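Asker: just dropping in an experimental structure and the matching sequence.
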Amino acid sequence: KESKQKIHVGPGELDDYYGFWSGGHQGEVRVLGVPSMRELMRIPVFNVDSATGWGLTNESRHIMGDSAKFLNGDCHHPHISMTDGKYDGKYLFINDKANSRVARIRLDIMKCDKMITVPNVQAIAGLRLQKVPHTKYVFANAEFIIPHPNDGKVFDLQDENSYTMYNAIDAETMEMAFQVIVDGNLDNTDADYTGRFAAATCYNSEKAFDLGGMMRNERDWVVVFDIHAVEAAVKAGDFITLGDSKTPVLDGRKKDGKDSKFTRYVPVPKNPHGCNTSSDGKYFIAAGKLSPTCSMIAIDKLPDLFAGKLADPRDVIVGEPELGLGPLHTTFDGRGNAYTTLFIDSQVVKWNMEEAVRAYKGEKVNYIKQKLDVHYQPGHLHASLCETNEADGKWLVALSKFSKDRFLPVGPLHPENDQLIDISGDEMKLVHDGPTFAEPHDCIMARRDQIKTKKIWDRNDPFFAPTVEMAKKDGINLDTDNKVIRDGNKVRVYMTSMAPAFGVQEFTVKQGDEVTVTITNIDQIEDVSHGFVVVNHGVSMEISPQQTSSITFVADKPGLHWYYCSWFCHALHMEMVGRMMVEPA
Amino acid sequence: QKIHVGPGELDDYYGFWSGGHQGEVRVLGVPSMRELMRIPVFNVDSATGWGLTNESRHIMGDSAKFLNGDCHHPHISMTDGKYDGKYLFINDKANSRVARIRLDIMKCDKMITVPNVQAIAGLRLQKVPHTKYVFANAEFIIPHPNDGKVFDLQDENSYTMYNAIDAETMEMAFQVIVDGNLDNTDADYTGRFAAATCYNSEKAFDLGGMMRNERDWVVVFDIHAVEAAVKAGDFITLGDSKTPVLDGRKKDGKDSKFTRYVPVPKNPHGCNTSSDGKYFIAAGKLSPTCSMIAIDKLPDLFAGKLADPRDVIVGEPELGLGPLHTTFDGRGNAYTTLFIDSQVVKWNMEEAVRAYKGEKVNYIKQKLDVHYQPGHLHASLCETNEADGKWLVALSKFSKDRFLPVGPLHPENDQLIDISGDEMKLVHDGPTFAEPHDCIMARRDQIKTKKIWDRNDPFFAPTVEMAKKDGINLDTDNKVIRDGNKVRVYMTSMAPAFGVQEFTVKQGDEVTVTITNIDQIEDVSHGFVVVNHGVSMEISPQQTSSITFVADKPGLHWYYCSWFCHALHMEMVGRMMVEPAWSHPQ
Ligand code: CUA
Ligand code: CUA
Ligand SMILES: [Ca+2]
Ligand SMILES: [Ca+2]
Ligand SMILES: [Cl-]
Ligand SMILES: [K+]
Ligand code: NA
Ligand code: NA
């Protein structure tokens, strides 16, 4: 009954959980140890990472596709793939609001391995994964209403071909599965524990562009998706396509008051934000934001709603507790309590879901258990394993936007305050203030035993298989060869590396040549990573044990130009260098 | 000594970590070791728009075309041997730059590509009477000119140079040609002398060649002689650079006026001035030693009063395998990393000096195991005459099993060690990304920051001048200025509203958006992102920020505020409407 968990992870001790933090406007994903809250690793995704060369290497730019031209991202929602309502540790997915992308991270290597630009939408916000029977789909919200086509003839958001869409990506192939046109817009989303239903909040049911217009409606809604019905329509070929994308597009809008078979619109106050599935699978809980409430949709009633048995879509609302000012997000301890951020009141409120349901019926019962002050203005919060039926009720992180005086001053820009709260007992206890850069917004925690990683690369890894293919065309055995291939004004250097020596320590090219350098790290000892930097050429990349990495640049400067290993790898690290000699034109 | 900083408590020191090949500078609270801020320098930062905004690309100059850096050595400006908290400087080995960070705004405000060199490694600041010069090493020998006619490092015109940058103007002050090459460097407590380690006295390019000589050296610089030669006009220039270049190489075994070469084993690395100003201490690396150069013997060495440059060595303690770096507790002890033995060794400098004279004494006080393979180490205030002997950070290169597994790439292990007492105590393992090389710690009361920008800050003064040419008052105006195929949008922002919430352009127009954050409440930052155009920047209270992009896509394109600023933040958005090219002249 007492919240008494230990927070200190001393030298030589290990954390109990992995934390996966969104990088916010900075674009990466960050791996933390919990409860120490120390950052263990940064995984580049939408950012360009000077250290590993993500965004510069051929392997990374191949994964990014055309979107490799962008140097920014804005991510919010990191989530781990599931099997039977539990994390399976295979993949992490995350959104990019800035350039309308979804990325996939492979948790065995802790790298982004797939990326997709969602077609015919703007701004991927809410993102969550199918839970049951497993993560077949990644569900993603496109936040902003746009014209279709967006060819510059029509700009009116109220035109009948202006709308946004709910997006489903095939988690395993990272290709679009389908899109569903909706009324209004989309904010956050979550999925049930059966695979049939998903739901999303909408704050712009008004289809307005101005602040006041977007707050005009007493109620917006959460739109519920009958995913089985969508899938059936796709299997039967009953869909359209938009523009030059082959993605099946289904119309989920209400037409002359008549409901689609793919959607129902449940009225909810007001400009709601969070959309959170309780761990017992009973509820979609929408945070009321402008309304000081959360609304509880009984997932049990959704079949009746779509079958036309209910006289009113509000009939699926079974609770609407009053909690405080500015409810934004909800999480669960698995013991029957919900925990909700109050942005305005600057608190986390713990409340009992079944008691709120009884109060909605008129029973006099206080469902509120505790309000804990947080510092300050909390956005999202996350309890350990809360997105699974294994929600364990141990740790809670509340991610607050204004850190004010909680840390040393560091200039006009301030850190986020991610506060660790012990929820193992009856009383929430604040135990740690964690400053973070660039507004992570949301995070996710997994048990140590849910994550299994590779100590060294497999030579057949798909991450650099296209580079292995290029090498094959050149007759190159990457595991052994140190050779320079000349092909017109193209030069392809292939080399092994073994601390403390590059396998090719000098090569000569002609000014203007396009040079590709492919390096295979044939060290077998864990942690013996190498780097490759070409001085004054903007070239930098990582090569970890048994990885092949490659990078392309033009030798636009005559003369002698040094390259060196950037990753401290050996006592003779500083002498691990080579020379590119560039003959003048 | 308090180790843990609980909720609502503040750290006692600022830590400034280098970002290594990730390219940024990181601000930590010490002793919590939590990262409080990232300061982009050579990296492109999606969050603040550094490398994307016009203000940042102006500071970076032509080097804005590079997306990478490799920084090692962050150091704070000094007055009379003490931190004054004005500036932090750092190197870029990848693209041969030095950057200046202003500590009041915690932003890079100046950057310079060092001319006619490759790879800025070691960097240190003049201590006395203040930081007039930033001293920086160019690590790699190159031909001069480097035009592709000569590649041979043995050519009489192949060399590297020592570099002095004017700390206040961030322009080159001078360069000194040296024999061998340059690694790390430090400066004395008088202003006359600086010193640097050399590991490639052989001028080789292969591993064996670079390891051939039993001793390389530390080259000592007589800055007073350099300055006097510059004022006398006795110098040359290289290429198109106007920087005074002085020749500090030997000529047929005869010394120049500017340099002396002190033989030191072997491929030495660290070059550290003791806090009492007595010694330059060189870490022997391949030699299991450190070599102590008595700074008060330097005047005699430069005046020819000594028969052998080795005569300025007054200690060479044997310490262990792979000495890389030394720091100081201000109590007469030195602390040295042993990369191979994977330890920090605490030793007494005066007793090492007496053991050098033959007197049998054990100057080694303790060896603490670290995990694993330490590179540099830093004691609090160690680079100043206020070295307070409280905290030590050792930065280890192989973390192995000290943290949860995270795949083939591992974090570094920066370990906080309590040195307030006679015995070193390991207290905290701090994992860090991308290999910080050095860090620096400053007392909390040595750093003073602003919470609100001044409207005349030089950081964005070029943007203010741009606005003035358009007749714009940035504090108030919400206007769209049109100029051919250029559109310049000026707007204020006040949560939760952009001052200009929609504007219309032609397909192909080059659009500049300038935003002034006119909120006065601290911590109320705004952002600006144009969806699907690769555009992102921060605007903090009273800052002006601007960014330029091509409106290459017809149709409606949303922009939004990225920094959570207000309960209605999600609704702080705007719309750019792009009329299609086929409806406008071709
Ligand atoms: Cu390879 Cu350092
Ligand atoms: Cu301005 Cu959020
Ligand atoms: Ca609304
Ligand atoms: Ca040597
Ligand atoms: Cl949510
Ligand atoms: K390392
Ligand atoms: Na893709
Ligand atoms: Na389109």
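Answerer: Happy to help now that I have it. Residues are numbered from 1 along each chain as shown, chains lettered A, B, ... in the order given. Ligands and ions are numbered 1, 2, ... in the order given.

Asker: give the contact list for the residue lying closest to residue A:572 once chain neighbours are set aside.
Answerer: Spatially, and ignoring its direct neighbours in sequence, residue A:572 is nearest to residue A:500 (3.9 Å; CB to CB, 6 or more residues apart in numbering or on different chains). Any C-beta I mention is one placed from the backbone N, CA and C, and that applies to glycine too. By CB atoms under 8 Å, 6 or more residues apart in numbering or on different chains, the residues touching residue A:500 are A:565, A:569-573, A:575-576, B:207.

Asker: would you reformat those residues as CSV and include distance to ligand 5 and secondary structure?
Answerer: As requested, those are exported to CSV (distance: CB to the ion, whole Å; DSSP: H, G, I helix; E, B strand; the rest coil):
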residue, distance to ligand 5, secondary structure
A:565, 44, coil
A:569, 43, coil
A:570, 47, coil
A:571, 50, coil
A:572, 52, coil
A:573, 46, helix
A:575, 53, helix
A:576, 48, coil
B:207, 56, helix
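
Asker: close enough to count as contact, residue A:559 and residue A:580?
Answerer: No. Contact criterion CB atoms under 8 Å: residue A:559 and residue A:580 do not qualify, at 9.4 Å.

Asker: comparing these two, which shows the higher neighbour count?
Answerer: Taking other CB atoms under 10 Å in any protein chain shown, residue A:559 and residue A:580 do not tie; residue A:580 has more neighbours (25 against 22).

Asker: residue contacts, the more buried one?
Answerer: Counting by CB under 8 Å, 6+ apart, residue A:580 touches A:506-509, A:515, A:534, A:555, A:560-563.

Asker: mind listing the residues bridging to the residue nearest to residue A:124 when sequence neighbours are not counted?
Answerer: Distances taken as CB to CB, 6+ apart place residue A:95 nearest to residue A:124, at 4.4 Å, with adjacent residues excluded. On the basis of DSSP bridges, residue A:95 takes part in beta bridges with residue A:102.

Asker: contacts only, for the spatially most central residue of chain A.
Answerer: Centroid-nearest residue in chain A, with CA atoms, centre = their mean: residue A:94, separated by 1.7 Å. Going by CB under 8 Å, 6+ apart, residue A:94 touches A:22, A:29, A:45, A:75-79, A:102-103, A:105, A:127.

Asker: same thing with residue A:170?
Answerer: Neighbour list for residue A:170: A:136-138, A:176-177 [criterion: CB under 8 Å, 6+ apart].

Asker: then residue A:304?
Answerer: So residue A:304 contacts residue A:310 (CB under 8 Å, 6+ apart).

Asker: give me every residue in chain A lying close to ligand 3.
Answerer: Proximity of chain A to ligand 3, by CB under 5 Å from the ion, involves residues A:217, A:220, A:271.

Asker: make it 8 Å
Answerer: Chain A has residues A:202-206, A:208, A:214-217, A:220, A:270-271 near ligand 3, with proximity defined as CB under 8 Å from the ion.

Asker: whichever of these end up buried, select them in ChimeraX.
Answerer: Buried subset of those, written as a ChimeraX selection, criterion 16 or more other CB atoms under 10 Å in any protein chain shown:
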select /A:202,203,204,205,206,208,214,215,217,220,270,271
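
Asker: Throw the residues of chain A next to ligand 3 into a markdown table and include distance to chain B, thanks.
Answerer: Below are the residues of chain A next to ligand 3 laid out as a markdown table (distance: CB to the nearest CB, whole Å):
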| residue | distance to chain B |
| --- | --- |
| A:202 | 12 |
| A:203 | 7 |
| A:204 | 8 |
| A:205 | 13 |
| A:206 | 11 |
| A:208 | 9 |
| A:214 | 5 |
| A:215 | 8 |
| A:216 | 12 |
| A:217 | 13 |
| A:220 | 12 |
| A:270 | 12 |
| A:271 | 8 |
